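Below you'll find the structure, written out as structure tokens, and then a few comments.
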């Protein structure tokens with residue numbers, strides 16, 4: 001079915017520009033619309049969409065309505081201009097999901113066998129690659145609950161297209177690209193420890209909270225399982241590198257050797273040729 | 001003619017699966033939808049009528065429209081199975097009424113409750129006075145079986161309108177064999 005989704009900045013903006021539409025008139029809830037997907041393969045892609053007036057009451061927390069006269073005839077519009085573009089699901093800006101979201105997908109399953117919902121974010125904050133994606137399946141449960149319909153997270157990734165980077169990538173103009181090979185990889189390293197070890201502390205504090213409160217989630221078992229896959233090397237005191245010690249510097253063996261060999265001859269190219277051309281102009285002029 | 005948008009709420013609760021309303025509440029409430037939809041046709045063409053499933057979770061597959069053709073199609077294979085939920089079904093018509101393009105149509109709701117609901121008298125009076133602030137006049141018609149000589153829904157109807165406001169009126173359905181056309185006789189005469 002649906003494994004991963006591809007969200008373009010163009011269709012994501014179609015949720016963002018509608019945040020100006022109903023944001024000025026208010027009032028409650030969020031921006032919600034129906035998603036037009038482009039499915040060429042198991043990997044899902046999204047090009048365009050259409051935003052529909054939508055509201056969700058608080059009291060009355062289970063009340064939701066799409067406008068389906070907007071959904072029907074406007075489909076024949078986008079279908080007439082683009083035959084490949086069709087509705088794969090819906091979307092909204094979240095930020096989180098209330099329990100009522102179970103009924104939005106099951107209603108529109110007449111349009112698509114499986115409707116994928118995309119939670120987006122109009123204001124970028126944290127922690128990383130934004131928005132979100134969910135898929136609607138039924139896993140029931142191990143405890144014996146009646147059949148449980150819970151949306152499972154779908155990994156979301158941004159993607160590009162020809163001719164769409166004209167105006168999009170133009171307006172920024174302030175970015176330095178990249179530079180690959182010097183700063184590009186090292187800034188990630190400073191962040192790879194930051195973003196790597198912050199979720200380490202956020203989860204290890206919530207995993208300690210388990211014993212305290214919030215149990216379940218037990219989880220189970222996914223938590224410790226892949227944590228023990230992380231445990232191929234801990235790495236703890238001290239590094240257990242006795243076999244990887246001589247191999248540590250042995251990987252730095254040729255990297256330092258070439259860096260010593262290149263800088264020697266690069267100098268011979270830089271130093272000699274500079275002295276030659278310099279004294280040819282300098283002393284022959286005066 | 002009176003201007004308003006009448007949102008009829010079909011009852012999918014598990015207690016609608018018997019035949020006390022002849023021949024069966026599925027076809028009886030169908031005939032109960034037949035008489036209200038054909039009456040609005042005799043009343044005003046501009047009145048648009050949708051349908052909503054109260055039990056389980058509220059979902060509307062038919063956009064609010066004056067044509068009852070799609071409504072009569074959804075009356076078949078409705079599968080009345082689920083737990084009745086009332087409180088969420090009051091504003092469920094009001095939210096579709098807030099999506100109305102024309103604002104000249106009054107807000108009117110008719111819901112079918114055929115199952116006993118667990119509710120506190122304080123919960124129904126808060127929704128009552130909430131509709132007073134929203135001016136919505138909701139005509140409820142008791143169906144199925146419920147608390148004998150229904151109190152809650154009666155207090156929900158009584159406290160919903162006042163001075164006059166002509167209005168919201170509840171008609172208690174007798175637990176006896178009858179045709180669905182004979183049930184609506186009093187409510188359709190005087191709402």
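Laboratory data are not the source of any read-out in this text; all were calculated from the coordinates shown. We place every Cβ from the backbone using ideal geometry, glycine too, and count neighbours over all the protein chains shown.
Using the alpha carbon gyration tensor of the stretch A:1-53, what are the three equivalent-ellipsoid semi-axes (square root of 5 times each eigenvalue), largest first, in whole Å? Before the final figure, lay out each step's value.
Numbers: eigenvalues 133, 20, 13 Å².
Whole-Å semi-axes of the equivalent ellipsoid: 26, 10, 8.
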When chain A is treated as a GNM, springs tying every alpha-carbon pair under 10 Å, which of A:170, A:92, A:220 comes out with the largest mean-square fluctuation? A:220
Can you give the Rg to Rh ratio for chain B, taking only C-alpha atoms and Rh from Kirkwood? 0.92
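Which order results if A:39, A:90 are arranged by neighbouring Cβ count within 10 Å, fewest first?
Taking fewest neighbouring Cβ atoms as first place, the list is A:39, A:90.
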Report, in whole Å, the centroid distance computed from the Cα atoms of the stretch B:140-191 and the stretch A:55-73. 28 Å
From the square roots a ≥ b ≥ c of the eigenvalues of the alpha-carbon gyration tensor of chain A, which class results: rounded (a/c under 1.5), prolate (a/b over b/c), or oblate? oblate
Please compute the average number of Cβ atoms from other chains found within 10 Å of each residue's Cβ in peptide A:51-64. 5
Using the Cα atoms of the stretch B:120-164 to build a convex hull, what is its mean projected area in square nanometres? 3.4 nm²
Got a sec? How would B:37, B:87, B:58 order by Cβ neighbour count within 10 Å, fewest to most? B:87, B:37, B:58
Can you give the % of DSSP beta bridges in the protein assembly as shown that are antiparallel, to the nearest 5? 40 percent
Pick from B:66, B:175, B:80 the residue whose mean-square fluctuation is largest in a GNM of chain B, springs joining Cα atoms under 10 Å. B:175
What is the pair-distance distribution P(r) of the stretch A:91-140, computed from all Cα-Cα distances in 5 Å bins starting at 0, with each bin given as a whole percent? 5, 18, 27, 23, 14, 9, 5, 0
With everything on Cα atoms, drop me the angle between helix A:183-212 and the longest principal axis of chain A, reported from 0 to 90° to the nearest 10. 50 degrees
D (µm²/s, integer) via Stokes-Einstein for the stretch B:68-140, Kirkwood Rh across alpha-carbon pairs, 4 °C, 1.567 mPa s: value 90 µm²/s
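How would the protein assembly as shown be classified by its alpha-carbon gyration tensor: rounded, prolate or oblate, with rounded meaning a/c under 1.5 and the a/b versus b/c comparison settling the rest? Each step should come with its number before you reach the end.
Details: a/c = 3.28, a/b = 2.24, b/c = 1.47.
Here the protein assembly as shown falls in the prolate category.
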Neighbour-count ranking for A:30, B:17 (other C-beta within 10 angstrom, fewest to most) reads B:17, A:30
Two decimals, Cα atoms only, Kirkwood Rh: what is Rg/Rh over the stretch B:1-100? 0.96
Whole-Å distance linking the alpha carbon centroid of the stretch A:79-120 with that of the stretch A:130-200 is 20 Å
Within a 10 angstrom radius of each residue's Cβ in A:105-114, how many Cβ atoms of other chains show up on average? Whole number is fine. 1
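Helix-only mean residue ellipticity at 222 nm, chain A, DSSP H runs n ≥ 4 weighted -39,500 (n - 2.57), per residue, nearest 500. What is it?
Details: 7 runs with 125 residues, N = 286.
Theoretical 222 nm ellipticity from helices: -15000 deg cm²/dmol.
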What's the center-to-center distance, using Cα atoms, between the stretch B:82-108 and the stretch A:207-286 in Å? 63 Å
For the pair residue A:231 and residue A:129, how long in nm is the line joining their label points, each one 7 Å along Cα→Cβ? 2.9 nm
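Would you mind classifying the stretch A:1-144 by shape? Square roots of the alpha carbon gyration tensor eigenvalues, ordered a ≥ b ≥ c; an a/c under 1.5 is rounded, otherwise it is prolate if a/b is larger than b/c and oblate if not.
Rounded.
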Most fluctuating residue of A:274, A:82, A:27 in a GNM of chain A with Cα springs under 10 Å: which is it? A:274
Summing -39500 (n - 2.57) over the DSSP H runs of n ≥ 4 in chain B and dividing by its residue number, what mean residue ellipticity at 222 nm do you reach, to the nearest 500 deg cm²/dmol? -9500 deg cm²/dmol
